[PDB]
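Structure first, commentary second.
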Protein chains: 2
Amino acid sequence: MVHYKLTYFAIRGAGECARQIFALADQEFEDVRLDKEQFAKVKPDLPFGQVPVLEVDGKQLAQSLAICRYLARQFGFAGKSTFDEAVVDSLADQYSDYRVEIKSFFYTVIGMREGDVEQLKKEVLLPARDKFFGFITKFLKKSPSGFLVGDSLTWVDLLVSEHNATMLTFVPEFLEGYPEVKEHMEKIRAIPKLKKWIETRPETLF
Amino acid sequence: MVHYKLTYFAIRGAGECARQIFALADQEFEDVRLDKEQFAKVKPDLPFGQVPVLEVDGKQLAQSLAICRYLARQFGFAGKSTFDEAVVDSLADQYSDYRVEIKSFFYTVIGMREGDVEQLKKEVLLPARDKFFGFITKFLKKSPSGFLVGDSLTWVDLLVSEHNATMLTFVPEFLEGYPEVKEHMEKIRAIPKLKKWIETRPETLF
C-alpha cells in the first residue's frame, strides 16, 4: 500500500499528467489542490519552490515530467523497452520546448498577463503549433496502433491529447488542418478509465 | 556489441552530457560533429529537425535530456532506484528551466545575439544563477558523498559541473559566493575517466 500525494493548483495544468496516470492504474491518491495563498505557505518546503510535487510514502519529487515519467514507469505506461521509454521522453521534451514557445500567448489568453491575443495567436502560437504538429504527425503516420510510440499507451499520449483538448476551449480552430492529431486526441481520451476520469474530475478552465 | 553514434555540432553544448557518459562507461562511439552546411542536409532526417541525435544500432533518439538519461540508465549512472532516477530527472529539468531563464544572455555572450552583456549579466543571469544555485546547494548540503543525489555519480552531476565550468570562461566571478557548488564541479570533473576526457576532447568555445 504505497501512499501517493499530489500537490498542485486547482487546475489540470502540469499536475494533470500524474492525475491521469493514477486513473489508468486504478490507483488511489491524495489529490491536493492549493490556491495562491496556500501555495505561498508551502512554497519554501518544496524542492524547487514549485508545484506540482508528488510524495510517495513521504518522499518528495518535483517537476511534472519527472513525476509523470516516474508514475508511468511504476504502472507500465512508460514504454515497453528502455529505448521506447527514451523516445517517449524525447516527445515529452519536444512538447516542453513547444510550451516555452507559446508561453506569453498561453499566459495572456488565460488572463495572467498583458497582451493582444490576436497578435500572439498570429505570430507566436502559430508557427509554433505547425512546427510541433509537423513532428507529432510524423510519429503518428508510422504508428499503426494510433499511439505516439509503440503499440500501447504511454504518458506522452496523455500530455499531447490533454493539451490539445484544452487549447480547443481557447482556440476552436486548433487542429483544423491536422486530422491525425485529432484522431489521436479522441483515441486516448476515449480509453475507459481515462474517459471516466475526464467526466468525474473537478471541472476547471485549464 | 552495440554501435553508438552521436551526431551534434562541433561544440560541447547539448551533446556533451552523452559524450561524458560514454567516457565514464569506457564505451566507444562515433562522435560525429557537423557544421551548418552539413547539418542543413541531414536536418529533415532528424526526428525534430534538430541535434543532438543518438543512434543505437540505427535507432534514432533525439533530445539531449532523453539521450543522456537513456545512456545513463544503460551504464548505471541514472540513479540507484527508480525514485532516485526521478530525483535526478527533477534536477535536470530544473537545470533546463534555468537555461531558458539565462538564454538571452547566453546567446548574446557567445555571439549569436545583439545585446549588452553588462545589462543581461546583471538583471537576468545573476538572479537566475542565485535561484538555481540556491536549490543546487540545498541538495548538496544533504548529500554526504558530494553528489547531487545518492552516494554515487549520476548524469545531472555532469550537466551542472560542465555548465558551471563553461560559464567560468565567460564569467570568472560565477561561483564566488557558492563554495559547495565549486567543490561539486571539481569533484565530478576530477573523476579519472571524465578528467581524461576533459583533457583529450576537442577544444571548443562552448
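Ligands are numbered from 1 in the order shown, residues from 1 within each chain, and chains are lettered A, B, ... in the order they appear in the C-alpha cells.
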
Notebook entry, point to check: Computed after least-squares fitting of chain B to chain A on all C-alpha atoms in order, what is the RMSD in Å?
Noted result: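 So the superposition leaves a C-alpha RMSD of 0.2 Å.
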
Can you write out as a tab-separated table which residues of chain B fall within 10 Å of chain A, alongside each residue's closest atom pair and its distance in Å to one decimal, counting only C-alpha atoms and ordering rows by chain and ascending residue number?
residue	atom	partner	partner_atom	distance
B:46	CA	A:135	CA	9.9
B:47	CA	A:135	CA	6.9
B:48	CA	A:135	CA	6.0
B:49	CA	A:135	CA	8.5
B:56	CA	A:83	CA	8.9
B:59	CA	A:83	CA	8.7
B:60	CA	A:87	CA	8.6
B:61	CA	A:87	CA	6.1
B:62	CA	A:90	CA	5.9
B:63	CA	A:90	CA	5.4
B:64	CA	A:90	CA	8.4
B:65	CA	A:93	CA	7.8
B:66	CA	A:89	CA	5.4
B:67	CA	A:86	CA	7.0
B:68	CA	A:86	CA	9.5
B:69	CA	A:86	CA	7.7
B:70	CA	A:86	CA	5.9
B:71	CA	A:86	CA	9.5
B:73	CA	A:82	CA	8.3
B:74	CA	A:82	CA	8.5
B:82	CA	A:70	CA	7.2
B:83	CA	A:70	CA	7.2
B:84	CA	A:61	CA	9.3
B:85	CA	A:70	CA	8.4
B:86	CA	A:66	CA	5.4
B:87	CA	A:61	CA	6.2
B:88	CA	A:66	CA	8.6
B:89	CA	A:66	CA	5.4
B:90	CA	A:63	CA	5.4
B:91	CA	A:63	CA	8.5
B:92	CA	A:66	CA	9.2
B:93	CA	A:63	CA	6.9
B:94	CA	A:48	CA	7.6
B:97	CA	A:100	CA	9.6
B:100	CA	A:100	CA	8.4
B:131	CA	A:48	CA	8.9
B:132	CA	A:48	CA	8.3
B:134	CA	A:48	CA	9.0
B:135	CA	A:48	CA	6.1
B:136	CA	A:48	CA	9.2
B:138	CA	A:47	CA	8.5
B:139	CA	A:47	CA	8.6

Notebook entry, point to check: Rounded to one decimal in Å, what is the spacing between CA of residue 55 in chain A and CA of residue 26 in chain A?
Noted result: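 Pair CA of residue 55 in chain A / CA of residue 26 in chain A returns 17.6 Å.
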
Find the residues around range 4-19 of chain B up to 9 Å (only C-alpha atoms counted), leave out those fewer than 6 positions away in its own chain, and share them as a compact mmCIF listing (two decimals) with N, CA and C atoms, in the first residue's frame.
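After the write, out14.txt holds the following:
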# COMPACT_ATOMS: atom_id res chain seq x y z
N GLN B 27 33.06 3.42 -23.19
CA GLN B 27 32.27 2.98 -24.31
C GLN B 27 32.68 3.73 -25.57
N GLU B 28 33.05 2.97 -26.59
CA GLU B 28 33.38 3.52 -27.90
C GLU B 28 32.11 4.03 -28.59
N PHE B 29 32.23 5.16 -29.28
CA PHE B 29 31.11 5.72 -30.03
C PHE B 29 31.60 6.62 -31.15
N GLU B 30 30.80 6.72 -32.20
CA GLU B 30 31.12 7.58 -33.33
C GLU B 30 30.67 9.00 -33.01
N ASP B 31 31.65 9.85 -32.71
CA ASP B 31 31.38 11.23 -32.28
C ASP B 31 31.33 12.16 -33.48
N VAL B 32 30.18 12.20 -34.14
CA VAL B 32 30.04 12.96 -35.38
C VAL B 32 29.74 14.43 -35.07
N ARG B 33 30.62 15.31 -35.53
CA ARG B 33 30.46 16.75 -35.35
C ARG B 33 30.21 17.40 -36.69
N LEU B 34 29.02 17.96 -36.87
CA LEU B 34 28.63 18.60 -38.12
C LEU B 34 28.87 20.10 -38.06
N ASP B 35 29.01 20.71 -39.23
CA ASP B 35 28.93 22.15 -39.38
C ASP B 35 27.57 22.50 -39.97
N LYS B 36 27.25 23.79 -39.97
CA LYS B 36 25.99 24.31 -40.52
C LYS B 36 25.58 23.65 -41.84
N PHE B 39 24.77 20.05 -41.39
CA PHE B 39 23.55 19.91 -40.59
C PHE B 39 22.30 20.16 -41.44
N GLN B 50 16.49 18.56 -35.53
CA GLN B 50 17.40 19.12 -34.55
C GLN B 50 18.46 18.12 -34.07
N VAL B 51 19.58 18.65 -33.60
CA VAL B 51 20.63 17.85 -32.97
C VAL B 51 20.83 18.33 -31.53
N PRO B 52 21.35 17.46 -30.64
CA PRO B 52 21.94 16.15 -30.90
C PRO B 52 20.93 15.06 -31.24
N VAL B 53 21.41 14.05 -31.95
CA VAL B 53 20.67 12.81 -32.16
C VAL B 53 21.62 11.64 -31.88
N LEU B 54 21.12 10.69 -31.10
CA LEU B 54 21.85 9.46 -30.81
C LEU B 54 21.26 8.33 -31.66
N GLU B 55 22.12 7.50 -32.24
CA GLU B 55 21.67 6.28 -32.92
C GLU B 55 22.24 5.06 -32.22
N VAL B 56 21.37 4.13 -31.85
CA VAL B 56 21.78 2.92 -31.16
C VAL B 56 21.45 1.75 -32.07
N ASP B 57 22.45 1.20 -32.74
CA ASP B 57 22.24 0.21 -33.80
C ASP B 57 21.24 0.72 -34.85
N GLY B 58 21.35 2.00 -35.19
CA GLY B 58 20.50 2.62 -36.19
C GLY B 58 19.23 3.29 -35.68
N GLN B 63 16.82 14.74 -28.61
CA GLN B 63 16.69 15.44 -27.32
C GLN B 63 17.76 15.05 -26.29
N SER B 64 18.60 16.03 -25.95
CA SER B 64 19.77 15.82 -25.08
C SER B 64 19.46 15.18 -23.74
N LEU B 65 18.38 15.61 -23.10
CA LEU B 65 17.98 15.06 -21.80
C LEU B 65 17.60 13.58 -21.93
N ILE B 67 18.40 11.58 -24.38
CA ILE B 67 19.64 10.92 -24.78
C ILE B 67 20.54 10.61 -23.58
N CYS B 68 20.81 11.62 -22.76
CA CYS B 68 21.73 11.44 -21.65
C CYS B 68 21.14 10.52 -20.58
N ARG B 69 19.85 10.66 -20.32
CA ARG B 69 19.15 9.73 -19.43
C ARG B 69 19.23 8.30 -19.94
N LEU B 71 21.42 6.75 -21.94
CA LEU B 71 22.77 6.19 -21.78
C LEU B 71 23.07 6.01 -20.30
N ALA B 72 22.75 7.03 -19.51
CA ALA B 72 22.91 6.99 -18.05
C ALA B 72 22.26 5.75 -17.45
N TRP B 155 23.90 11.40 -14.06
CA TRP B 155 24.04 12.29 -15.21
C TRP B 155 23.77 13.78 -14.95
N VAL B 156 23.01 14.15 -13.90
CA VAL B 156 22.89 15.60 -13.55
C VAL B 156 24.18 16.17 -13.02
N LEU B 158 26.96 15.69 -14.09
CA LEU B 158 27.71 16.05 -15.29
C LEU B 158 27.19 17.36 -15.88
N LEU B 159 25.88 17.44 -16.09
CA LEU B 159 25.25 18.65 -16.64
C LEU B 159 25.64 19.92 -15.87
N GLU B 162 29.70 20.64 -15.79
CA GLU B 162 30.07 21.09 -17.13
C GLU B 162 29.57 22.51 -17.42
N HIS B 163 28.31 22.78 -17.12
CA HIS B 163 27.76 24.11 -17.34
C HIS B 163 28.50 25.17 -16.52
N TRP B 197 38.83 12.58 -20.32
CA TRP B 197 38.05 13.05 -21.46
C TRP B 197 38.15 14.56 -21.59
N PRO B 202 38.11 17.47 -28.05
CA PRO B 202 38.39 18.66 -28.86
C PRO B 202 38.07 19.94 -28.09
N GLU B 203 38.92 20.95 -28.23
CA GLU B 203 38.71 22.22 -27.53
C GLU B 203 37.80 23.14 -28.35
N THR B 204 36.66 23.49 -27.75
CA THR B 204 35.68 24.39 -28.34
C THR B 204 35.25 25.46 -27.34
N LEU B 205 34.73 26.58 -27.86
CA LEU B 205 34.36 27.76 -27.05
C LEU B 205 33.20 27.49 -26.08
N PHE B 206 32.36 26.54 -26.44
CA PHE B 206 31.25 26.10 -25.59
C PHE B 206 30.72 24.75 -26.09

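Our summary of the geometry notes that CA of residue 194 in chain B is positioned 22.9 Å from CA of residue 133 in chain B.
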
Next item on the list: Run DSSP on the backbone and grab whatever in range 4-157 of chain B lands in strand (DSSP E); send it over as a ChimeraX atom specification.
Entry: /B:4-9,30-34,53-56,59-62

Might you pull out every residue within 12 Å of residue 193 in chain B, with only C-alpha atoms counted and same-chain residues fewer than 3 positions away left off, and present them as a CSV table (one decimal) with N, CA, C and O atoms, in the first residue's frame?
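Everything below was put into part.csv:
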chain,number,residue,atom,x,y,z
B,19,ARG,N,28.5,12.5,-24.4
B,19,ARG,CA,29.9,12.3,-24.6
B,19,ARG,C,30.6,11.9,-23.3
B,19,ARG,O,31.4,10.9,-23.3
B,20,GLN,N,30.3,12.6,-22.2
B,20,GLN,CA,30.9,12.3,-20.9
B,20,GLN,C,30.4,10.9,-20.4
B,20,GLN,O,31.3,10.2,-19.8
B,21,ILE,N,29.2,10.6,-20.5
B,21,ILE,CA,28.7,9.2,-20.1
B,21,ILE,C,29.4,8.1,-20.8
B,21,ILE,O,29.9,7.2,-20.1
B,22,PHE,N,29.6,8.2,-22.1
B,22,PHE,CA,30.4,7.2,-22.9
B,22,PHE,C,31.8,7.1,-22.3
B,22,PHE,O,32.3,5.9,-22.1
B,23,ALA,N,32.4,8.2,-22.0
B,23,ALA,CA,33.8,8.2,-21.4
B,23,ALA,C,33.8,7.4,-20.1
B,23,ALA,O,34.7,6.6,-19.9
B,24,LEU,N,32.8,7.7,-19.3
B,24,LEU,CA,32.8,7.0,-17.9
B,24,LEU,C,32.5,5.5,-18.0
B,24,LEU,O,32.9,4.8,-17.2
B,25,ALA,N,31.7,5.1,-19.1
B,25,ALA,CA,31.4,3.7,-19.3
B,25,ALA,C,32.6,3.0,-20.1
B,25,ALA,O,32.5,1.8,-20.3
B,26,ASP,N,33.6,3.8,-20.5
B,26,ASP,CA,34.6,3.3,-21.4
B,26,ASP,C,34.0,2.7,-22.6
B,26,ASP,O,34.4,1.6,-23.1
B,27,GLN,N,33.1,3.4,-23.2
B,27,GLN,CA,32.3,3.0,-24.3
B,27,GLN,C,32.7,3.7,-25.6
B,27,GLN,O,32.7,5.0,-25.6
B,188,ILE,N,33.4,16.2,-9.5
B,188,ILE,CA,32.9,15.4,-10.6
B,188,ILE,C,34.0,15.3,-11.7
B,188,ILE,O,34.3,14.3,-12.2
B,189,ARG,N,34.5,16.5,-12.1
B,189,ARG,CA,35.5,16.6,-13.2
B,189,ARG,C,36.8,16.0,-12.9
B,189,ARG,O,37.6,15.7,-13.8
B,190,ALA,N,37.1,15.7,-11.6
B,190,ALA,CA,38.3,15.1,-11.2
B,190,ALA,C,38.2,13.6,-11.2
B,190,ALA,O,39.2,12.9,-11.0
B,196,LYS,N,40.2,12.6,-17.8
B,196,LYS,CA,40.9,12.2,-19.0
B,196,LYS,C,40.2,12.7,-20.3
B,196,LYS,O,40.8,13.2,-21.2
B,197,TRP,N,38.8,12.6,-20.3
B,197,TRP,CA,38.0,13.0,-21.5
B,197,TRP,C,38.2,14.6,-21.6
B,197,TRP,O,38.3,15.1,-22.7
B,198,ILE,N,38.0,15.3,-20.5
B,198,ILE,CA,38.1,16.7,-20.5
B,198,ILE,C,39.5,17.2,-21.0
B,198,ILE,O,39.6,18.2,-21.8
B,199,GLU,N,40.5,16.4,-20.7
B,199,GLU,CA,41.9,16.8,-21.2
B,199,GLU,C,42.1,16.4,-22.7
B,199,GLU,O,43.0,17.0,-23.3
B,200,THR,N,41.4,15.4,-23.2
B,200,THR,CA,41.7,14.9,-24.5
B,200,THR,C,40.7,15.3,-25.6
B,200,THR,O,40.9,15.3,-26.8
B,201,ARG,N,39.5,15.7,-25.1
B,201,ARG,CA,38.4,16.1,-26.0
B,201,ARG,C,38.8,17.3,-26.9
B,201,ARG,O,39.7,18.1,-26.5

Notebook entry, point to check: Interatomic distance between CA of residue 78 in chain A and CA of residue 154 in chain A?
Noted result: 5.3 Å
